[PDB]
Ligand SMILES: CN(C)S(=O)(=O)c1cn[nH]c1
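Okay, here we've got a single chain as structure tokens, the form deposited without the named molecule, with questions on binding and movement later.
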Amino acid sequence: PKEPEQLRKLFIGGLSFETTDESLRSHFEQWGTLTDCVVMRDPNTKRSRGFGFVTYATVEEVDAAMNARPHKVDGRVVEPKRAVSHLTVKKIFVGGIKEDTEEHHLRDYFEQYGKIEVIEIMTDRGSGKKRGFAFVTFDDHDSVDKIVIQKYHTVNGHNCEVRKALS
């Protein structure tokens, strides 16, 4: 059972124009088996477009590569991101938590996706009653990107709806 290829891909932005298929592969093979690795180039000049893609054999290998950031590739710090499902944010909306879900429920669950900086459990402006949704802010976008591709999120026995949240 192979994970869908789309979930095993990293877009790599900010490449040095001297990075090649081969040097990008040599770099990112340190964190897993690469089934594909390409530098995007102009069709006429062959000059690099400054970005590429790598595809790992498993999602755990994608995780390993993201956890090894920052990546300096051929002398330049590059910008890896998981393929789109890019709206790059650090904050999620968590809905369906009802009125019994507390901060530690959200923290104990979401801390395994990334480092949490803010948890905001929403309350009614007039009564102070919990409204049944929350916002979690992380220190980095990959946490959110991992979270929103999951089909399900179970927190405090609730099946939650989780979406990217923007400013």
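One-based numbering along the sequence shown.
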Mind pulling up the entry and telling me whether 132 to 140 or 54 to 62 has the higher mean Cα temperature factor?
132 to 140
Determine, for stretches 66 to 74 and 114 to 122, which one has the higher mean CA B-factor as deposited.
114 to 122
Say you rank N44, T101, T33, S48 by Cα B-factor from the PDB entry; which sits at the top?
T101
Quick tally, chain-level thirds of C-alpha B-factors: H86 sits in the highest
Chain-wide C-alpha B factor ranking for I12, given as lowest, middle or highest third:
lowest
State the tercile, meaning the lowest, middle or highest third, of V155 with respect to the CA B-factors recorded for its chain.
highest
Please place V38 in the lowest, middle or highest third of its chain according to the CA B-factor in the PDB entry.
middle
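Keep in mind that the form deposited with the named molecule bound is missing from the display, and what follows is about it.
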Pocket accessibility when the named molecule, as posed in the deposited complex, is superimposed onto this form, judged at 2.4 Å from backbone or C-beta:
open
Is there a heavy atom of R25 lying 4.5 Å or less from a heavy atom of the named molecule in the deposited complex?
no
Indicate whether the named molecule has at least one heavy atom within 4.5 Å of a heavy atom of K146 in the deposited complex.
yes
Using a 4.5 angstroms cut-off on non-hydrogen atoms, would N67 count as touching the named molecule in the deposited complex?
yes
With a cut-off of 4.5 Å between heavy atoms, is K98 one of the residues that contacts the named molecule in the deposited complex?
no
Any residue of 1 to 15 that, in the deposited complex, places a heavy atom within 4.5 Å of the named molecule:
none
